[PDB]
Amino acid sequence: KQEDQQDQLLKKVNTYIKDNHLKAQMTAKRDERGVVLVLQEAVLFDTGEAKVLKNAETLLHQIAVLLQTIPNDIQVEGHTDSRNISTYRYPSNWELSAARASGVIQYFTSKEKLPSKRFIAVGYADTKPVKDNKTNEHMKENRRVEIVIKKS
């Protein structure tokens, strides 16, 4: 059923995306990790920052409403492009990617009250690009947060 369970979870997620008119804010897919929600950087953060935008709070609440209806563990993954960052607040792409996953989880737990034990923050820096970083188009899609719904 792990095969059927994964299909049924992905259909439930895609049904939630459609019923809530969220297609332009997020996509959903399945891979070896489980069912993954992909959010581009622009719907969550400013450039080079990890603070959840105020206009992102409605989207994250809508995701949290879906997440409360399932028991699976959640892994929030942060990613950067290969562009160098080196500020006081984010001394490398490792810190930036991990701070973005952390900011999403802090929203889910502190303000939507989902149980903290359901979450793990993961930072990949630029080690998992979609394709590459040779163009501005390609670097843009690498700046993304992925919410992994693990197998249960």
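Residues carry their position along the shown sequence, with the first being 1.
Taking the mean C-alpha B-factor of each stretch as recorded, 130-138 and 11-19 are not equal, and the higher mean is that of 130-138. As listed in the deposited structure, the average C-alpha B-factor of 108-116 and of 57-65 is greater for 108-116. Sorting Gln40, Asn93, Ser102, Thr47 by the CA temperature factor given in the entry leaves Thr47 at the top. When the CA B factors of the chain's modelled residues are split into thirds, the value for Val36 lands in the middle one. Per the PDB record, residue ranking by Cα B-factor puts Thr27 in the middle third of the chain. Annotation for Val52: CA B-factor lies in the middle third of the chain's modelled residues. Looking at the C-alpha B-factors along this chain, the one for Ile70 belongs to the middle third.
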